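> Sending over a structure as structure tokens; questions will come in a sec.
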Protein chains: 4
Amino acid sequence: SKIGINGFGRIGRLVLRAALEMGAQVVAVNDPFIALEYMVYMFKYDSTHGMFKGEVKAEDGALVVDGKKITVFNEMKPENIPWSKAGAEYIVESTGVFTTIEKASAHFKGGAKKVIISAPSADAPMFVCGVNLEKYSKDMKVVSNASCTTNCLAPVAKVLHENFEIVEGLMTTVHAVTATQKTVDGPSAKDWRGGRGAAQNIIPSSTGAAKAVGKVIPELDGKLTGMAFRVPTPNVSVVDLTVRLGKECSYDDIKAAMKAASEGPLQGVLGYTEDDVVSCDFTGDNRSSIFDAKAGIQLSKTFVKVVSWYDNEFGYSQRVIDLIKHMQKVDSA
Amino acid sequence: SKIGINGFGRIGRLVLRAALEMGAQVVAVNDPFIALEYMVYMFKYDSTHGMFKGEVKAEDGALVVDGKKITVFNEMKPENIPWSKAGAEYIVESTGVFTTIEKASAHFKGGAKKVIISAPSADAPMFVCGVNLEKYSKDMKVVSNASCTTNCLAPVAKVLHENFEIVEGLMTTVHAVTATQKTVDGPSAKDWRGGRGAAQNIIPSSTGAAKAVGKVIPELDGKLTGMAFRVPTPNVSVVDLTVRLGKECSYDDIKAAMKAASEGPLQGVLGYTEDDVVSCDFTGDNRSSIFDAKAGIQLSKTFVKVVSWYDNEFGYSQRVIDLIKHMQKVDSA
Amino acid sequence: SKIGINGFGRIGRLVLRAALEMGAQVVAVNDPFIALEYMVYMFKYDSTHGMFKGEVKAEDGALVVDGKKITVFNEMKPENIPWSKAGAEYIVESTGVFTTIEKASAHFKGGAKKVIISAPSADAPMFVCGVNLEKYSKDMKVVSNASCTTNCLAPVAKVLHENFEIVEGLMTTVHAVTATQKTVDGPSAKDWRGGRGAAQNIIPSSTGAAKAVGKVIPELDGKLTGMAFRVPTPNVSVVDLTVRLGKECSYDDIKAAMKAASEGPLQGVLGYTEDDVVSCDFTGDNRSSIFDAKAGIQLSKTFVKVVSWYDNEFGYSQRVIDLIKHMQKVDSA
Amino acid sequence: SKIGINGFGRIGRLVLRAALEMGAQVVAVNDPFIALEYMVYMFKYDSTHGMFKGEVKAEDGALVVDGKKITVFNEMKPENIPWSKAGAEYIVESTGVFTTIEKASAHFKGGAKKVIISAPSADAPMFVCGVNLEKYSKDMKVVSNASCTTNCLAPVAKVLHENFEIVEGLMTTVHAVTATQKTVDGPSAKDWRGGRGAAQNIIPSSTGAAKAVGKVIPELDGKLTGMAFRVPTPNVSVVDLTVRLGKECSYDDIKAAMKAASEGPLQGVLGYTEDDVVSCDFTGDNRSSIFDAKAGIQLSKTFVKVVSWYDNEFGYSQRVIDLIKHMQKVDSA
Ligand SMILES: NC(=O)c1ccc[n+]([C@@H]2O[C@H](COP(=O)([O-])OP(=O)(O)OC[C@H]3O[C@@H](n4cnc5c(N)ncnc54)[C@H](O)[C@@H]3O)[C@@H](O)[C@H]2O)c1
Ligand SMILES: NC(=O)c1ccc[n+]([C@@H]2O[C@H](COP(=O)([O-])OP(=O)(O)OC[C@H]3O[C@@H](n4cnc5c(N)ncnc54)[C@H](O)[C@@H]3O)[C@@H](O)[C@H]2O)c1
Ligand SMILES: NC(=O)c1ccc[n+]([C@@H]2O[C@H](COP(=O)([O-])OP(=O)(O)OC[C@H]3O[C@@H](n4cnc5c(N)ncnc54)[C@H](O)[C@@H]3O)[C@@H](O)[C@H]2O)c1
Ligand SMILES: NC(=O)c1ccc[n+]([C@@H]2O[C@H](COP(=O)([O-])OP(=O)(O)OC[C@H]3O[C@@H](n4cnc5c(N)ncnc54)[C@H](O)[C@@H]3O)[C@@H](O)[C@H]2O)c1
């Protein structure tokens with residue numbers, strides 16, 4: 001598998017726990033801001049997901065996790081990371097900075113084959129597991145696994161559109177805090193509301209996720225837009241989609257369509273519950289999107305509100321592994 | 001004014017504060033679970049709204065606030081409260097337990113003239129200041145001031161319906177925690193999700209608010225429904241309204257309509273802002289509904305999402321005093 | 001083992017997860033406020049400790065957890081719970097109400113052998129695993145496993161006293177919120193600070209734990225007292241003990257004494273770390289007390305501050321199982 | 001007054017607010033990361049302290065607050081700030097980065113007369129209002145106002161030492177989060193515990209505060225040390241001081257001593273309360289230290305625990321203005 005990770009942040013580390021869980025193989029990590037002994041500590045301890053159970057240690061300038069030796073690097077510039085020298089073919093680009101094709105192409109200066117951007121890219125091919133993986137051709141060098149909200153929205157939008165046709169829809173995501181937020185009111189020059197104290201506030205925010213679903217499911221291009229509210233919870237978010245449908249249906253037809261899709265073509269991407277769940281019930285959940293049957297409401301036969309949960313750090317990290325496995329199996333077909 | 005308050009909770013205490021602010025006169029309070037010396041403390045200290053600036057003391061069995069003596073009762077049964085001894089005529093019923101005309105009518109036994117339920121009532125006429133006060137008549141003995149979410153939604157729905165016609169709408173309220181929630185996972189038999197730990201969770205919840213706007217604005221009956229997400233913040237909530245409109249418009253038309261109504265017929269009830277606000281900016285705000293111009297989004301000429309903030313404790317408490325002042329003017333003209 | 005539980009609250013449920021983890025056997029549960037289908041939900045979902053992995057279902061009026069059928073009851077009065085009819089010999093008394101010998105003796109009216117109170121008792125024998133289990137005689141019918149803070153304090157106090165002698169000490173516990181607290185300012189007539197909004201505040205509180213250590217380790221009777229600060233975190237607390245010692249020592253002698261005790265006589269009760277830990281690192285931790293080596297400070301050779309972590313719901317629930325196993329093995333010796 | 005502020009952060013903005021409240025005159029502000037139109041917004045809205053009641057606007061390249069024009073600079077290097085163009089003489093240095101006399105001396109290049117570091121300095125004389133202002137002399141060019149915790153601890157240590165003699169003491173501060181903490185687990189290389197998610201954790205931390213009281217009250221040098229626990233609240237902290245005393249006393253003697261000092265030599269700096277207060281009761285409090293009479297405990301005649309509250313942002317900011325007013329009186333008498 002020969003995966004390398006650039007950025008050992010929330011995503012970077014959990015992509016490694018995902019890899020180990022799914023038997024994938026990471027062979028190199030890079031982060032300027034985190035020296036190897038600090039990498040041990042950050043990998044081992046996690047406030048949201050719990051301590052890594054298994055051995056993590058620094059041994060001979062390498063990070064060794066459960067026997068797996070992983071070569072470390074602390075390069076500030078992507079051009080200077082020796083991927084070739086570690087044996088890393090498939091690079092996961094987790095920094096939140098080399099997101100355009102141009103920028104992620106710096107990983108070619110060190111011998112990387114393919115770059116998977118772990119965020120929406122301005123111009124790299126965006127994929128969402130369960131929804132558009134067949135669009136992936138072997139000549140695609142720099143791809144994107146899109147955002148965490150797009151991976152929750154696009155499964156649910158695919159089922160609603162295929163069965164009842166989405167004429168238009170507006171989305172809100174009630175979203176957990178992230179690392180770009182501030183503990184107390186401080187400077188966020190590009191997003192003034194985003195700098196206000198994260199634990200004190202409900203914070204309106206923008207999201208490009210609904211619009212990006214028009215790239216992943218081309219039929220919906222231009223039919224979806226939305227916004228976010230950031231609220232004080234450490235992880236797990238929820239999509240609230242209000243949709244105008246082309247075909248008359250009951251809410252029970254929407255629940256049966258979600259249940260059938262989660263048992264077959266979207267098995268493991270889309271889950272389904274009828275339980276009285278709340279957001280802590282999905283911490284550690286592996287799926288991209290979990291349809292909450294009892295929280296949605298239907299106003300009329302064509303106007304309805306659907307609720308889908310997602311663990312924004314964890315399900316996404318497992319999908320990064322899934323996109324890699326598929327890319328390899330296609331390129332090694 | 002001769003107002004009496006039954007239930008000295010978040011709403012009961014802040015109605016006293018609003019009354020003192022607006023020069024209204026409370027002459028008696030009743031609460032079985034709060035003894036006079038404890039009422040001093042609870043009124044004096046408020047974790048969300050600050051310490052009361054003024055003298056508060058227990059003197060001769062009364063609560064004395066800035067010189068005014070308030071008779072205190074601690075009667076469990078409404079029919080047993082001697083409202084006539086204190087001279088209390090207009091009774092704010094804020095226990096949350098006597099919300100029907102049958103149950104609220106117990107106050108009449110004690111000599112009360114009028115009862116104002118500080119919650120939706122299944123049968124007492126519901127009022128929202130700035131929207132339907134013209135329907136109140138002096139023979140109405142028991143009235144309701146509806147809920148805090150209906151007082152936010154109904155102003156904004158009035159402006160949109162009058163200018164562009166609401167064909168149908170679905171509402172979400174992202175709502176601060178309340179007193180019925182639990183600090184840790186505990187038993188809430190009639191609402192399982194509502195018993196999960198309030199500080200840890202985004203909790204889906206039901207709201208009658210959008211249905212109740214159909215009773216306040218009769219032409220919207222059956223065209224609106226919605227739900228709540230309870231999130232970990234101590235006060236201030238936001239209504240997210242997705243609406244399908246009868247007339248084509250731009251978002252600038254919606255903003256100009258809201259600005260014009262906050263300057264005229266709805267001044268003091270609906271506010272307007274174009275700043276980068278977050279929920280802590282509305283703590284202590286007196287208005288029922290503050291339209292956030294920059295957070296809404298319009299997908300097409302007839303489908304848009306509108307965001308309005310409300311301090312669910314404080315703005316509602318000022319409206320209770322406003323409704324009472326309107327009623328006494330009608331009952332004495 | 002034939003354990004029964006009265007009160008399926010935070011402790012009641014986690015004592016059952018502890019039992020299942022440790023192969024103990026629970027055969028009956030009682031709680032008026034929780035009907036069997038709601039018991040399934042509360043056992044299955046836990047905001048702090050995660051979903052029970054394994055099957056939980058209601059089957060023939062019994063709760064069935066991983067194959068174990070458990071007889072349910074919903075008695076409001078302890079005298080009316082048929083322990084005899086379920087086969088429950090050893091009762092765990094988790095309600096927070098039948099804490100005196102008198103009150104816990106109501107479980108004899110239904111055929112219970114022994115009662116383990118899961119809180120400090122005013123007069124039942126208090127035990128702390130690793131510290132005074134040899135004081136337990138077979139004739140003791142109603143015992144107490146003391147408080148969660150006493151189970152964290154007494155291990156650490158036992159090591160400091162045995163090695164250096166505690167002349168006097170003062171304790172603070174920075175303690176996570178509990179179920180007796182309120183989401184927003186509400187009535188707590190017996191503890192006015194305890195009613196103020198739990199997520200908004202640092203709340204001074206009393207604790208009897210330091211004083212109770214004088215009952216568990218008689219030599220320290222009268223030498224320890226302390227207080228609590230309740231802070232907004234859902235679980236895991238920390239003891240901050242400032243102690244005046246009889247013998248001159250360095251801080252490294254205190255760390256070596258804690259490490260030796262955790263490897264031998266207090267193995268599994270007292271743990272030891274030198275890592276840069278924070279409270280989420282101990283969620284799910286099984287030990288009663290985890291000495292934090294790097295956070296303590298020594299001012300002089302006889303005056304020092306020691307920091308010990310504890311998961312107040314979880315380690316305590318496992319110790320309830322441990323006290324039961326020891327009681328049985330002594331009574332079945 | 002002719003005050004200039006360098007760094008327009010929590011402390012920089014609240015010193016402007018304190019100055020306007022106390023009729024002091026700020027004539028210039030400098031901050032490289034905050035443009036003039038963004039400074040309007042950040043000063044106008046405050047999630048902890050409320051919206052500024054007054055007009056705030058950007059006019060002709062200046063910040064105009066209630067009529068007063070303030071020249072704005074956005075210089076990264078202190079030696080480059082044209083303080084003399086604006087007429088700024090007394091410079092509040094609140095960036096947190098130029099805390100030594102060498103580094104703070106950069107302001108002299110621009111024409112500043114005096115610099116007040118709003119933090120502990122390794123070498124500038126440290127002052128605490130009400131405790132050692134008498135030591136300031138007009139030849140002192142760079143002074144420090146110490147930290148917020150030293151300003152809480154030093155009043156209370158002064159009263160105890162003067163009346164009962166402190167033999168030795170260990171301090172804990174349970175402290176609100178600050179701007180150096182992280183919303184989720186992220187990199188803090190020089191302080192690993194400090195990078196763990198601030199909203200989820202009780203985080204042990206170091207504090208120089210108790211050592212620094214030894215420099216402010218020379219007779220306490222080497223007799224006090226302590227630590228911090230950072231807990232999830234946005235403002236207001238509490239000092240928990242365990243002290244061994246030279247003279248035998250009762251707790252009523254300690255309370256009477258504190259009451260007497262808050263009425264005389266320390267009025268306005270040390271407050272006193274006997275109510276059931278919690279941290280939200282001190283948001284916006286002007287005092288440096290509020291002795292909580294009911295929360296302290298005395299184990300014996302010479303060993304006791306004292307609790308004092310402080311609004312770490314607001315009371316400290318008023319003391320910055322107080323220190324400056326004292327200095328100008330000495331520099332012009
Ligand atoms: N947080 C989530 O829920 C989530 C979900 C989906 C996608 N993402 C995306 O993943 C990306 C990373 O987000 P995160 O939440 O893990 O953030 P983070 O702040 O936890 O991680 C960023 C990491 O990149 C490192 N870094 C910075 N510069 C570097 C460089 N020049 N080279 C290599 N490493 C460097 C930082 O030190 C840090 O460890 C972002 O684009 C984010 O939008 C995050
Ligand atoms: N909290 C808000 O934001 C909000 C907003 C609008 C309306 N309301 C409504 O106002 C009502 C009260 O809500 P709250 O938030 O003040 O709750 P709360 O729990 O803070 O207050 C309820 C109070 O009534 C008292 N009480 C109970 N039984 C009584 C009795 N039998 N007789 C007299 N007093 C008694 C309680 O001791 C308590 O002080 C509810 O119907 C609620 O839905 C609340
Ligand atoms: N929460 C902790 O961290 C912790 C730690 C140590 C000890 N304890 C103690 O354990 C006891 C229970 O605490 P908890 O935190 O689990 O509280 P909780 O509120 O979660 O549980 C109390 C339970 O008792 C039930 N109950 C009430 N009356 C009953 C009755 N008459 N008969 C049977 N069941 C009834 C309630 O419905 C509830 O489920 C308390 O004494 C508490 O001090 C708690
Ligand atoms: N927050 C409190 O409770 C508190 C209390 C007492 C003292 N302090 C101290 O005050 C100082 C500032 O703390 P804060 O809480 O205001 O933090 P903050 O992060 O809110 O503010 C620091 C400000 O200085 C600015 N800045 C950074 N580099 C600059 C530069 N080179 N030139 C000019 N301005 C620059 C930043 O943009 C920011 O606005 C620190 O030393 C802190 O320890 C804080």
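Each chain in the structure tokens gets a letter, A, B, ..., in the order shown, and its residues are numbered from 1; ligands are numbered from 1 in order too.
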Within 7 Å of ligand 2 (counting only C-alpha atoms and all ligand atoms), which residues show up? I'd like them as a ChimeraX atom specification.

/B:6-12,30-34,75-78,94-97,118-119,147-148,178-180,312-313,316 /C:186-187

> Go ahead and save the picked residues with N, CA, C and O atoms, as a compact mmCIF listing (two decimals), in the first residue's frame.


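Writing done, so here's selection.txt:
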# COMPACT_ATOMS: atom_id res chain seq x y z
N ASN B 6 -46.38 33.79 38.95
CA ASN B 6 -46.50 32.50 39.53
C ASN B 6 -45.37 31.69 38.89
O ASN B 6 -45.35 31.49 37.66
N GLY B 7 -44.44 31.18 39.70
CA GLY B 7 -43.27 30.47 39.20
C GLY B 7 -42.10 31.45 39.05
O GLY B 7 -42.02 32.28 38.14
N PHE B 8 -41.12 31.39 39.94
CA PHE B 8 -40.02 32.35 39.92
C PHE B 8 -38.76 31.70 39.36
O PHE B 8 -37.73 31.59 40.04
N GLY B 9 -38.87 31.26 38.10
CA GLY B 9 -37.81 30.60 37.34
C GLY B 9 -37.07 31.53 36.42
O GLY B 9 -37.16 32.75 36.62
N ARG B 10 -36.42 31.00 35.37
CA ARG B 10 -35.72 31.85 34.44
C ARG B 10 -36.65 32.95 33.93
O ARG B 10 -36.28 34.14 33.99
N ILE B 11 -37.90 32.54 33.56
CA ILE B 11 -38.83 33.47 32.96
C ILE B 11 -39.48 34.32 34.01
O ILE B 11 -39.48 35.53 33.83
N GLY B 12 -40.00 33.71 35.07
CA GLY B 12 -40.52 34.48 36.22
C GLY B 12 -39.58 35.60 36.77
O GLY B 12 -40.01 36.74 36.95
N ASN B 30 -45.28 34.07 43.59
CA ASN B 30 -45.51 32.83 44.28
C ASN B 30 -44.58 31.74 43.76
O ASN B 30 -44.45 31.58 42.55
N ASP B 31 -43.87 31.01 44.63
CA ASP B 31 -43.19 29.82 44.18
C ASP B 31 -43.01 28.92 45.40
O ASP B 31 -42.28 29.29 46.33
N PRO B 32 -43.61 27.72 45.44
CA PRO B 32 -43.42 26.70 46.46
C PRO B 32 -41.98 26.22 46.67
O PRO B 32 -41.56 25.95 47.79
N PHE B 33 -41.14 26.15 45.65
CA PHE B 33 -39.79 25.66 45.85
C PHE B 33 -38.75 26.72 46.20
O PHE B 33 -37.54 26.42 46.26
N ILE B 34 -39.12 27.99 46.39
CA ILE B 34 -38.12 29.00 46.66
C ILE B 34 -38.60 29.88 47.81
O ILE B 34 -39.55 30.66 47.71
N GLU B 75 -47.31 28.74 47.63
CA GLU B 75 -48.43 27.84 47.43
C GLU B 75 -48.24 26.95 46.23
O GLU B 75 -47.94 27.39 45.12
N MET B 76 -48.38 25.65 46.48
CA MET B 76 -48.30 24.63 45.44
C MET B 76 -49.53 24.65 44.51
O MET B 76 -49.39 24.38 43.31
N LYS B 77 -50.72 25.01 44.99
CA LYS B 77 -51.93 24.94 44.19
C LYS B 77 -52.39 26.33 43.84
O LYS B 77 -52.63 27.12 44.76
N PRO B 78 -52.60 26.66 42.55
CA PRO B 78 -52.99 27.99 42.10
C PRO B 78 -54.23 28.53 42.76
O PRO B 78 -54.26 29.70 43.05
N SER B 94 -45.93 31.51 34.87
CA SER B 94 -44.69 30.98 34.33
C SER B 94 -44.14 29.71 34.95
O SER B 94 -42.94 29.50 34.96
N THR B 95 -44.96 28.83 35.53
CA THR B 95 -44.46 27.58 36.09
C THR B 95 -44.20 26.57 34.98
O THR B 95 -43.45 25.61 35.11
N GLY B 96 -44.91 26.78 33.85
CA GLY B 96 -44.92 25.83 32.75
C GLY B 96 -45.89 24.67 32.94
O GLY B 96 -45.95 23.80 32.08
N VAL B 97 -46.68 24.63 34.01
CA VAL B 97 -47.53 23.50 34.35
C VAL B 97 -49.02 23.76 34.27
O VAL B 97 -49.81 22.83 34.38
N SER B 118 -47.12 32.12 30.02
CA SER B 118 -45.87 32.46 29.38
C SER B 118 -45.35 31.26 28.58
O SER B 118 -44.15 30.90 28.59
N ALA B 119 -46.22 30.66 27.80
CA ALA B 119 -45.91 29.47 27.04
C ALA B 119 -47.06 29.27 26.04
O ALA B 119 -48.13 29.89 26.22
N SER B 147 -44.56 30.85 22.46
CA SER B 147 -43.23 30.53 22.91
C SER B 147 -42.24 31.57 22.40
O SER B 147 -42.56 32.42 21.56
N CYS B 148 -40.99 31.48 22.86
CA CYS B 148 -39.89 32.33 22.45
C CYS B 148 -39.59 32.09 20.98
O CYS B 148 -39.34 33.03 20.22
N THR B 178 -32.10 24.48 28.05
CA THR B 178 -33.07 25.01 29.01
C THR B 178 -33.03 24.11 30.25
O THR B 178 -32.39 23.05 30.33
N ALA B 179 -33.85 24.51 31.19
CA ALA B 179 -33.98 23.90 32.48
C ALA B 179 -34.54 22.49 32.38
O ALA B 179 -34.34 21.72 33.29
N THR B 180 -35.26 22.09 31.33
CA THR B 180 -35.75 20.71 31.30
C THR B 180 -34.63 19.78 30.85
O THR B 180 -34.84 18.58 30.82
N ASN B 312 -33.76 33.95 23.85
CA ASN B 312 -34.94 33.21 24.26
C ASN B 312 -35.40 33.49 25.65
O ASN B 312 -36.59 33.44 25.89
N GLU B 313 -34.54 33.86 26.57
CA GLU B 313 -34.97 34.27 27.91
C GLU B 313 -35.40 35.75 28.00
O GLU B 313 -36.50 36.09 28.43
N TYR B 316 -38.21 37.57 25.20
CA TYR B 316 -39.51 37.04 25.57
C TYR B 316 -40.03 37.67 26.85
O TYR B 316 -41.21 38.04 26.92
N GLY C 186 -31.12 27.22 38.55
CA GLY C 186 -32.36 26.74 39.11
C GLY C 186 -32.23 26.35 40.57
O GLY C 186 -31.16 26.48 41.18
N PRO C 187 -33.33 25.93 41.19
CA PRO C 187 -33.41 25.72 42.63
C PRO C 187 -32.65 24.49 43.12
O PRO C 187 -32.86 23.39 42.63

> Among stretch 100-224 of chain D, which residues carry a DSSP assignment of strand (DSSP E), reported as a short mmCIF file (atom, residue, chain, number, x, y, z; two decimals) with N, CA, C and O atoms, in the first residue's frame?


data_model
loop_
_atom_site.label_atom_id
_atom_site.label_comp_id
_atom_site.auth_asym_id
_atom_site.auth_seq_id
_atom_site.Cartn_x
_atom_site.Cartn_y
_atom_site.Cartn_z
N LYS D 114 7.45 56.11 28.69
CA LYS D 114 7.41 55.07 29.72
C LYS D 114 6.75 53.87 29.09
O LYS D 114 5.85 54.08 28.27
N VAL D 115 7.12 52.65 29.45
CA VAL D 115 6.49 51.44 28.94
C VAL D 115 6.02 50.67 30.16
O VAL D 115 6.75 50.59 31.16
N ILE D 116 4.79 50.12 30.09
CA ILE D 116 4.17 49.32 31.13
C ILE D 116 3.93 47.95 30.48
O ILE D 116 3.11 47.84 29.55
N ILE D 117 4.63 46.89 30.88
CA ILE D 117 4.47 45.56 30.30
C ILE D 117 3.25 45.00 31.02
O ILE D 117 3.22 45.02 32.27
N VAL D 142 10.69 51.37 32.35
CA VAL D 142 9.97 50.19 31.91
C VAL D 142 9.53 49.50 33.19
O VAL D 142 10.38 49.17 34.01
N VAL D 143 8.24 49.30 33.38
CA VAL D 143 7.72 48.64 34.56
C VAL D 143 6.80 47.52 34.08
O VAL D 143 6.44 47.48 32.90
N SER D 144 6.44 46.60 34.96
CA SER D 144 5.53 45.52 34.63
C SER D 144 4.37 45.62 35.62
O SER D 144 4.54 46.04 36.78
N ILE D 166 3.10 34.31 57.09
CA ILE D 166 3.01 33.11 56.28
C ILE D 166 4.36 32.45 56.48
O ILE D 166 5.38 33.10 56.22
N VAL D 167 4.34 31.22 56.98
CA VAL D 167 5.56 30.42 57.08
C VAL D 167 5.84 29.84 55.68
O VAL D 167 6.96 29.92 55.16
N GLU D 168 4.83 29.22 55.03
CA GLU D 168 5.01 28.73 53.68
C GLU D 168 3.63 28.46 53.07
O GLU D 168 2.65 28.27 53.81
N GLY D 169 3.50 28.49 51.75
CA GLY D 169 2.19 28.29 51.17
C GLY D 169 2.33 27.69 49.80
O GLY D 169 3.34 27.90 49.12
N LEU D 170 1.29 26.92 49.44
CA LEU D 170 1.22 26.33 48.12
C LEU D 170 -0.11 26.80 47.56
O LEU D 170 -1.16 26.77 48.24
N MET D 171 0.00 27.28 46.33
CA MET D 171 -1.14 27.83 45.60
C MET D 171 -1.67 27.00 44.42
O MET D 171 -0.86 26.52 43.63
N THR D 172 -2.96 26.81 44.23
CA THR D 172 -3.47 26.36 42.93
C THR D 172 -4.35 27.45 42.32
O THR D 172 -5.13 28.06 43.07
N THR D 173 -4.24 27.79 41.03
CA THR D 173 -5.26 28.64 40.44
C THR D 173 -6.13 27.79 39.49
O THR D 173 -5.61 27.01 38.67
N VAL D 174 -7.45 27.79 39.65
CA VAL D 174 -8.35 27.08 38.71
C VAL D 174 -8.68 28.21 37.76
O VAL D 174 -9.34 29.20 38.13
N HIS D 175 -8.16 28.10 36.55
CA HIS D 175 -8.10 29.23 35.62
C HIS D 175 -8.85 29.04 34.30
O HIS D 175 -8.83 27.97 33.67
N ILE D 203 -6.69 20.78 32.36
CA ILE D 203 -5.33 20.76 31.87
C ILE D 203 -4.39 21.29 32.99
O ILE D 203 -4.46 22.49 33.31
N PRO D 204 -3.52 20.51 33.68
CA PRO D 204 -2.47 21.04 34.57
C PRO D 204 -1.55 21.99 33.83
O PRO D 204 -1.24 21.79 32.66
N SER D 205 -1.12 23.02 34.52
CA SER D 205 -0.31 24.03 33.92
C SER D 205 0.56 24.68 34.98
O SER D 205 0.39 24.54 36.19
N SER D 206 1.59 25.38 34.56
CA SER D 206 2.54 26.02 35.45
C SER D 206 2.14 27.46 35.65
O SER D 206 1.33 27.96 34.89
N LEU D 224 6.56 30.62 48.78
CA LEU D 224 5.31 30.37 48.08
C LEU D 224 5.65 29.78 46.74
O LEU D 224 6.62 30.20 46.09
#

> Distance cut-off 7 Å, counting only C-alpha atoms - which residues of chain A neighbour chain B? Return them as a ChimeraX atom specification.

/A:192-193,200-204,225,231-233,276-280,295,299

> Would you please work out which residue, of A:189, A:106, A:260, A:146, is nearest to ligand 4 when using only C-alpha atoms and all ligand atoms?

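Comparing A:189, A:106, A:260, A:146 against ligand 4, the winner is A:189.
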
> Nearest to ligand 3: which of B:60, B:263, B:185, B:37 is it, counting only C-alpha atoms and all ligand atoms?

B:185

> Quote the spacing between atom CA of residue C:315 and atom CA of residue C:155 in Å to one decimal place.

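Rounded to one decimal, the two atoms are 13.1 Å apart.
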
> Would you mind telling me which residue in B:159, B:101, B:27, B:81 lies nearest to residue B:255 when using only C-alpha atoms?

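Of all the options, B:159 lies closest to residue B:255.
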
> Per DSSP on the backbone, filter stretch 122-163 of chain C down to the residues in alpha helix (DSSP H) and report them as a list in words.

residues 148, 149, 150, 151, 152, 153, 154, 155, 156, 157, 158, 159, 160, 161, 162 and 163 of chain C

> Rounded to one decimal place, report the atom CA of residue C:290-atom CA of residue C:308 distance in Å.

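For atom CA of residue C:290 relative to atom CA of residue C:308, the distance reads 5.1 Å.
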
> Enter the distance from atom CA of residue A:1 to atom CA of residue A:47, in Å, rounded to one decimal.

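Here the two named atoms are 28.9 Å from each other.
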
> Please determine, counting only C-alpha atoms and all ligand atoms, which residue among A:309, A:52, A:127, A:98 has the shortest atom-to-atom distance to ligand 1.

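Checking each of A:309, A:52, A:127, A:98 against ligand 1, counting only C-alpha atoms and all ligand atoms, the winner is A:98.
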
> What's around residue C:112 at 12 Å? Count only C-alpha atoms, leave out sequence neighbours fewer than 4 positions away in its own chain, and write the answer as a PyMOL selection string.

chain C and resi 2-6+28+78-93+104-108+116+141-142
